[PDB]
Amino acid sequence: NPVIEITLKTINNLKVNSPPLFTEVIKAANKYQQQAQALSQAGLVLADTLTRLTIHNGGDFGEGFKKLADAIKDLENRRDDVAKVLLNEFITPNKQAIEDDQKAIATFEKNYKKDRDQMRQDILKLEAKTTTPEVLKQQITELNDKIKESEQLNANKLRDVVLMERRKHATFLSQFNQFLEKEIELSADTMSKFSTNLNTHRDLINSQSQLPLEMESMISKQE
């Protein structure tokens, strides 16, 4: 029976195959998050070294260095927040969900054995409840009714478990989406910020051959 076969196969997948595989994704995501924080902190140190350029270097270039430092700092702070989202919105909630689901499939399987065994019973007894054609008949149309009733249980239980699997997967994606949205946000902030620095640097680079006019104004004044 195909209906029963897929039900059993879907049950095996959720109880046996799924929990370790999804748990590997969690471990992998947990490590990724840790490395993201590491990159974030390495970014802040870099930002600080750029700020320290402004100790002895003022003027417009000094302004550029400070502006570059502030941009990198702000972006690296936001990368940290991205890592936190992956941890708080995916890793921890899905870890809990993996275990909750693992218990839910145990229960469904129990009730599956029970309902199918209960159905086995009062079909045997309705079988073993068995001469005028108006007696054998209502014994026949009754046995068949219980079989059409058992068949409807198998199909209901197939729906129930297939939908249990789709709801598990949808929750997985729905939680992972929180990290994706924040990644998109960070990327958008990066494009917005780094373009302003590029524009500033380009004007700075194109002006490397001209003295600042407060430099000049000092030369004219000397007399």
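Residue indices: 1-based, along the sequence shown.
According to the PDB entry, the deposited sequence contains 4 to 9 residues between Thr130 and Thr131 that lack coordinates.
Stretch comparison (35 to 43 versus 150 to 158) by mean CA B-factor in the PDB entry places 150 to 158 on top.
The question of which stretch, 6 to 14 or 198 to 206, has the higher mean Cα B factor is settled in favour of 6 to 14.
In the deposited entry, the Cα temperature factor of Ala104 sits in the middle third of values across the chain's modelled residues. Residue-level temperature factors show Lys113 in the highest third of its chain, judged at the C-alpha atom. For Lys73, the recorded CA B-factor ranks within the lowest third of the chain. Only modelled residues enter the ranking. Among the modelled residues of its chain, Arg120 has a C-alpha B-factor that falls in the highest third according to the deposited record. Ranked by C-alpha B-factor against the other modelled residues of its chain, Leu86 falls in the lowest third.
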